[PDB]
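Chains as they are written, first to last, in the UniProt record's numbering: chain H, 4 to 230; chain Y, 2 to 233; chain A, 9 to 239; chain G, 4 to 185, 189 to 242; chain E, 2 to 201, 206 to 244; chain X, 4 to 237; chain D, 7 to 241; chain P, 1 to 196; chain R, 2 to 205.
Everything below concerns the one structure shown next.
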Amino acid sequence: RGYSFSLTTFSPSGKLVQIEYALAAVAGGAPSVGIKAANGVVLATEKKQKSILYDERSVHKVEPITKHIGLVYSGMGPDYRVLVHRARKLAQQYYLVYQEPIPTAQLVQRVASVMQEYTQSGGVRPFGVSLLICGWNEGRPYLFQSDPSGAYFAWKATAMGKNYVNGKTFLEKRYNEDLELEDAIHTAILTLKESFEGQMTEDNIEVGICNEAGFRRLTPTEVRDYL
Amino acid sequence: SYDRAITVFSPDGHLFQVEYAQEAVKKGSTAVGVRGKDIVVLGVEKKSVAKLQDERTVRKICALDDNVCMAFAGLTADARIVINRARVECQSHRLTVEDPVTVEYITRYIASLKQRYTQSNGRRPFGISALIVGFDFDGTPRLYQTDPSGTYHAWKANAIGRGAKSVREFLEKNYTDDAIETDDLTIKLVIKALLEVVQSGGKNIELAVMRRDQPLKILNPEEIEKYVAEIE
Amino acid sequence: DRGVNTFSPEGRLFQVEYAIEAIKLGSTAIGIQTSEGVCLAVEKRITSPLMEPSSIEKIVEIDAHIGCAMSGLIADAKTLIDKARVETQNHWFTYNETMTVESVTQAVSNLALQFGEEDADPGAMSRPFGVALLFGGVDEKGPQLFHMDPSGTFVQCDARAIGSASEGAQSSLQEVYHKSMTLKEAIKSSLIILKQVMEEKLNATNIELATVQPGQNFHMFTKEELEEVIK
Amino acid sequence: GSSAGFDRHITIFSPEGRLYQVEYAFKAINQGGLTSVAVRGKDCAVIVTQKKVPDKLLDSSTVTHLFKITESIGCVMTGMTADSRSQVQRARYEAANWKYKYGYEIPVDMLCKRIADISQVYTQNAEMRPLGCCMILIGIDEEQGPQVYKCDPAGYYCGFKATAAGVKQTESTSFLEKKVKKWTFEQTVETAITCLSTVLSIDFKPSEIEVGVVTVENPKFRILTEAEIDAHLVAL
Amino acid sequence: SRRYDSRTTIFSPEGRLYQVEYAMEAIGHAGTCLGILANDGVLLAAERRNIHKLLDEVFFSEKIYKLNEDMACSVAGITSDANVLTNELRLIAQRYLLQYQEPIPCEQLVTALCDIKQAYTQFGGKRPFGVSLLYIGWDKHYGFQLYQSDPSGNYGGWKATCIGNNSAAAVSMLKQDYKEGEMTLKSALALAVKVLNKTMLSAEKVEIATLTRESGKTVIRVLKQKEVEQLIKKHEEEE
Amino acid sequence: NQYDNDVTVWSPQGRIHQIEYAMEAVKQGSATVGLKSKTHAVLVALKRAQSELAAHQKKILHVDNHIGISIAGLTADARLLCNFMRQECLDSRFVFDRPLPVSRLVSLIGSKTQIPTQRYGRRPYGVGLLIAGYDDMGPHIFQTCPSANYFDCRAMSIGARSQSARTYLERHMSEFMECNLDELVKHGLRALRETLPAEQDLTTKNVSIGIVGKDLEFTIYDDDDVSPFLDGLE
Amino acid sequence: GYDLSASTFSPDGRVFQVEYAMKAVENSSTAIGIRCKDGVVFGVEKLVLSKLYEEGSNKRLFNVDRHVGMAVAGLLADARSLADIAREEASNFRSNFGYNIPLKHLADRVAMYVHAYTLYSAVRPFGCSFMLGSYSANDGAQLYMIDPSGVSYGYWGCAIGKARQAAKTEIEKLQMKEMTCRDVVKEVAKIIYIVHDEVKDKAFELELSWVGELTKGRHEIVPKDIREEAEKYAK
Amino acid sequence: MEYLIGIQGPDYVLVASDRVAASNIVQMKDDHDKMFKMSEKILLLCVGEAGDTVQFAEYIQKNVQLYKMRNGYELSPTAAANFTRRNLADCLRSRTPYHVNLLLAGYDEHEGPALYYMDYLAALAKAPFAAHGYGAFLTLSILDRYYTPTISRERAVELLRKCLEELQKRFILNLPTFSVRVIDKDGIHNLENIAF
Amino acid sequence: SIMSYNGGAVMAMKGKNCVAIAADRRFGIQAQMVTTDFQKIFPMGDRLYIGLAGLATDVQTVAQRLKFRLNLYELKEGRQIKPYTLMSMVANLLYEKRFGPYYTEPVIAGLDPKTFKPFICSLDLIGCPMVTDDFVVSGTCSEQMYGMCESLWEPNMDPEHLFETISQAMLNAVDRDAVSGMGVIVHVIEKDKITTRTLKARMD
């Protein structure tokens, strides 16, 4: 059947604890860094399974929603798969009516709506993942962040997951307005190197970039050279 | 969809949910009602009489039809839902029967919908009381009162909301066959009843009369100030 | 906390047991069945002099040959009274004949236990009706008085009293009622018993009596009629 | 380790942002009392599972943890037996549905992902509990060769070279970790059996385990026989 | 199933609705939103709670939304709840304009959204919308207007109001500074700035929007950075 | 304390407290005996009454021409189940144009009453039924309970203090087969009288008799029609 | 508090509600099943609770199909509905594919239906265990067993109920494989007379059903003569 | 065939309609009213299908009267004509489409008099004057040739007579009496019936 | 035919850096004219106009539903809709009723927001987009309109030269059709102006 009552309710102080607990799950996940830089946007993440038995090429953290929109997350892995599938269907639906690539801002709004529906619906818990969407439309780069509550903010450079506050300080005093995509990756990986514990390789991180040509997921070769 | 039983019986044969709905009606503004001979009056106390608030958007007296009007006490949000459902029934009654609805017919409908919410799944009872006042086809003034439980009774003069008991006792000793003799007399009895349960009555009272063969008439502050001077 | 359809350790539905306890707070209604018609009388119980006593309808008309006196939560009885009215109207449309008193009581007793949370529809009861009914009518078997409570059990009785002061009234009917008592004798007995168990001095505007005779139809005593038997 | 409300009873976030209910389903996988080992070779995938027989009255043949999802995809289930068959039935339907809609055989990573997506729904909805079992699918991809996948009760899935499941999962993964850093059809099977034998310390006999393989020369999932599993047993 | 139920739409002993009252507590910890009604227009002066050195400006505004041609609003509470509420407000206004081929009157729109908010507090077993709204607009029946709305589904028309962080402190200041009937848009902006400062300012920590009439056409516009900056300097001269 | 609120809650001892509480409802009702010979099936129900001016509740009901039932427990529940059995018997005569075998009708009741004890929010039927019928396999006497269980018995008694009646039936069961209707109806009356308190004894207004046989449709004797059987008991 | 619903795992990783449903099957009478060279013999010791009941009342052996049998244990009301569920599956299968449903498939189909009541809070797990026996020319003699958790396995000799740990040691001494069906009936009625407690329990009726080459693949109740003689051999 | 007609003036609308209800070859009524008072300054003239006309005109009326109750102000002639056009157009491709032709007349305080014409296919069109029925063919030309935008109320009634007189001598149907009304700033006024 | 019940014709032409959209004004039921100022062209946003031809009831319905969608679209993603996007929107709306379609053949004409590039197109009843480079006609007299535009249209005409061509094409095309005419309204969309004039046509 399924429960028809809200699992997330207001507390006496006016807080939606369920959403607050979902943000705590997002704050313990692998660190993610998003950087918008003049000619493009870069999204990097710590894709370290640390066991040497797992296939590094199998799973993927940075996913392409459309040809110009990329996605990255922080929190729960399986929850991200649901949102990525929803984001891909939302982009297709929009393109079936308007016959034109869905704008980055329109997709974030549509995808944030889905996340807000799990905070008020019956018998469900809020998504335990924070997304870092990036896109390129109308000759301009975009970087949005959609948290578990359903709220979205437009950023220039941000970081989620473990040590996000520490990365926001190292990002607030190392990021410049007039920055190029190629140089944006260097400061995106450097921000991820300030909380990477062990040794960073080409199979320990995943980087996706967005520009005029469209969203792309950097291959191991590219990353290696950058490292 | 939600199908939980909200209102249920208790050890002493009580219906707590309905009792809490009546508790919300006691915290509402006082709404007085007095049935006259050729005029029905309605008085409503204005607690939050802020000077920066359009008073026409926050009234307790509404008109369901051209011969029926009502006042309430309790949760304002619920009153609106009940008031609009009753308005659709007045229009529905006019479409099925040539004549307009009688005061009792619409009161019965309003009370029946309230009882419906106290016995169905997934819903909670309405937290408001109503004083339906109007005139029938015969010209007989009418006054009924519905409550959260769903029971309604005809009255000669009644009050609801906070301090309704104090006003009800004042009407019992003051409502005779001479106090409602004239138009002004009946209107002055309603303003006097609200003066015992209000602070500096005269600028915090909003009343509307309903004469025979005439639509709802809300007396503005100036007119209410003239009546307070005669009660001094 | 428990559900609405929960049995107690003694084998009783909690909800129904609490609904039967809610009928002990309602007004009293004494019904006496005779050979020359049935008589129903209820205690109006007005709580204010401003309150119009003509708006209190404890005794209603189900049909020309059937009457009804209720006690307990009066608001809940408006749904049962309409079912009975539609049931007797439906019977006439299909068989061109009046429904019997026991048949009308059976159709109203079927809804008594029709309630529940799970596996239910939008227009489903959430609890039982906390009210008791006294059906009095005249069919092919003559005068008949029936009693139906919250559990859904309808039985026949020569004399019944339901309400707050039922225990005291029931005993006063056990030694003042016989099989050969007239309809006029029954009306006085009921009034006398009602006056004793009531708090306010019985008068023409306090109570409400109704009668259903073989050759006649359902009839509600007016002020004049009531006064006659009051003195 | 803090908690509040009904976090331990239903799948809802706790103070630390964890799902206790999903974590309790991982302990249900060890309730069965068995271990599974899948090792990826160079041209073949090998599945090795423990075949315990509590009673002698039990018709041994019917007792198995290896299933044929498709003609080329095979799997091994670990944990709650009833949950395992349910999940195996789900994988068979999803695989058959894929070929009927797209016209081609489903990839091992697509099936795993699809089955993991269904397991994620039990972690979000509170009216039902997650399945207390694991799945390790092995198949031969037309482009990327042999594949070994694994999805758990949390809805998380991945690709591996060598995986393990059951009571001795940390033991079989710590032994497979040192073996992978250092494989042919026989070398892929021998490494699995040794891992399963060195961790359980039992030195298995013929009829005491079950093996499933998918080579690149013969992609059809097959279960080794009594006389087939014994040959590898007398090789070490 | 019935044990996990939280029973949101349920009355309490005092006769109050807990859920709705707890949602009102969340609106008191949100960005302060204030609306003032003048003679030639109505404005919305909300404070921005989304301030950082790494945030983009991207959108046209953050709290003030456009409902239709002659209406606008400023929310205060759960951000995701407003996204749902304001999207529904746009639908109601479009449905009304598709039916009568005329702009929907301000009070009819506010009332329609309040019926949805009150339905979430009576049945469905779901938590109420934790947001308070402020509407400003112009119709042919009453001209310029300003309405407020809370989580319970209650609404009311005002001349000057404030919802959010310091509603009670701002409301008092407006009470002793609002010259009813003799207020102009120019003189109202001063009032907003004067009250907004004493209840918290920079030109990036606030956002103002005015709604006026020009040549039989409603004009809604957010004041620019420079446009606001000057206002803030002029209030400093009087202080 | 926490295992006896729902029917879908198994207790630690492997029992369902809600079903056990539903069986207590049948134990509070008035006794009802049900015995049969080789050509007849009788159900003697002891009617109860609250006030002296009240009538005795009906315990025996019509289901069909070959089937009759005796209730014990929830009045409303009994009616509900009776309507189902009546509808089931009507359908059999409409489709196959023949009486529905008593045993087949008992399986339909067992399945309809089982569903409710496995679903959340529902409850078991709080009523016990004693079915008397006659078909191709002779006369039958079935007994259904709140826990969806039914038994095929030669004699049976359910209700308040039915152990006294059951004991009497257990020692006289042997001499039931080869015994005429008159003697078999008096054998059940004696068992129904045993459950009653020492003082008060069976009358013609507190006893109900329902018989069905090879050459007789289900009949229900109430007031004046039960004197014939009543006369002949010490 | 981790044992009130079936959609809840306990800290150790167990579903207490399903374990509580297995307790009901350990309180019922003992029923055994023995598979041999050409058939399956079901032996259920029917415990008569009263003398008023007719000999044959409350049977624990039903025919789910014309070639499949079913011996039950635990709650009878639950088991009767599971027998009707198994009949539907067997009947639906013949109307779809055109032939008798294989025992292995029927067991799996009915076990999956039983496992669906152990996942949600809306329902409760079945409180009964049961065995399925059948015989097919192409297949042979099969005997499956399903418990409250929805687990179905193949067997040679099975036993459910109270005395199942003592009845399994009696079935282990038999060489079922080489044994026939007429010789097994005796042994089946002997084990039921050994495990049955004459002290704690009272009167008990012995049920016997078989299915094999003898009855041409048709499941039936063992003939009165053969059952009577087998009961004398046990004594 | 029923007949409707409307004439919009500088500050008034003049509408008239035949009052003949008929079954097959006989006139059942000679004083039937085809005008529906939607509001204080709005009249809805309806003709067409036997049962559809009243069913549709009463549904619109109910909603227009409902609008004033809950809002406090009445719907404008334009909005009322768009509401009715939207409702007739929604049923067009539905299960039960009303086959009705109508004329909506009203007076808006800030817009003056308005005359709307609508066919059964829900096509709304504002016009200075219009007519419905088989008699519209004979009277539309008379209107065209004599109607001027600044026409006075007295001449509007004189012009109406001419059209009705033309029907008397040219039309094959029997229309002896006509209902006449006028809507201005003081609401709707009943005019003496034009009988022949 | 259902399309020839109310008559009417819409035409859209392309110029250098401008577009023109003309339409007949006669509204009539079959052979009888009711009004002579029916609107067949609607403004979809400054430099974007949509002309509808066919059933008058569907012309108003489609114009109102498209406006309803256009308002929501412009509010959601706060920007002016592009000419090509509107065509897809309109085509999608028309294709929803693929088996119970609206009887109206739309003709879109406008300048691209920011680029100011001319854009004209036409769709069929079930929403089949057809973007051309010269002109697009829709109505009961398309054949006559096709013949006029084919021999009058020039590659790069200016606002004044374009107005003369679209007016001469419509005036001579509606004079050969019986249920089309009673006035002609032309809209010339430029980069900074929107000239609208009613041509002096025949009232036949």
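Even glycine gets a Cβ: it sits at the ideal position worked out from N, Cα and C.
Anything in chain B within Cβ reach of residue i, meaning under 7 Å, just list it in chain order.
i, result
"H/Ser-7", "The question asks about chain B, but that chain is absent: this structure's protein chains are H, Y, A, G, E, X, D, P and R."
What did DSSP end up calling residue i once you bin it into helix, strand or coil?
i, result
"H/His-71", "coil"
"G/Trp-101", "helix"
"R/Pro-84", "helix"
"A/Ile-64", "coil"
"A/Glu-183", "coil"
Can you check DSSP and say which residues form a bridge with residue i?
i, result
"G/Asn-128", "H/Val-127"
"X/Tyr-224", "X/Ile-212"
"X/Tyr-153", "X/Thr-147"
"X/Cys-182", "According to DSSP, X/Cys-182 bridges with nothing at all."
"A/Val-163", "A/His-155"
"Y/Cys-63", "Y/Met-71"
"R/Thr-199", "R/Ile-186"
Along the chain, where does the alpha helix (DSSP H) containing residue i start, and where does it finish?
i, result
"P/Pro-77", "77–91"
"A/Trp-100", "85–103"
"P/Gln-8", "No alpha helix (DSSP H) holds P/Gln-8; the beta strand (DSSP E) holding it covers 4–8."
"P/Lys-126", "First-last for P/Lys-126: 124–126, but that is the beta strand (DSSP E), not the alpha helix (DSSP H)."
Against residue i, what residues of chain R qualify as contacts under a CB-to-CB distance less than 7 Å, listed in chain order?
i, result
"E/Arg-91", "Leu-73 and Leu-76"
Starting from residue i, follow the beta strand (DSSP E) in both directions and report where the run begins and ends.
i, result
"D/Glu-213", "210–218"
"H/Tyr-97", "It is not in any beta strand (DSSP E) - H/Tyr-97 instead sits in the alpha helix (DSSP H) that spans 80–101."
Would you mind telling me which residues of chain Y sit closer than 9 Å to residue i, beta carbon to beta carbon, in chain order?
i, result
"E/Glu-108", "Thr-58"
Mind pulling the chain P residues with CB within less than 8 Å of residue i?
i, result
"E/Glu-103", "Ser-76, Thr-78, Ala-79 and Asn-82"
Among the residues of its own chain, which have a CB less than 8 Å from the CB of residue i, if the five just before and after it don't count?
i, result
"E/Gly-29", "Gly-165, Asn-166 and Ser-168"
Identify the contact partners of residue i in chain X, using a Cβ-Cβ distance below 7 Å as the criterion.
i, result
"A/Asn-98", "Under the 7 Å cutoff, chain X gives no residues; its nearest Cβ is about 17 Å from A/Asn-98."
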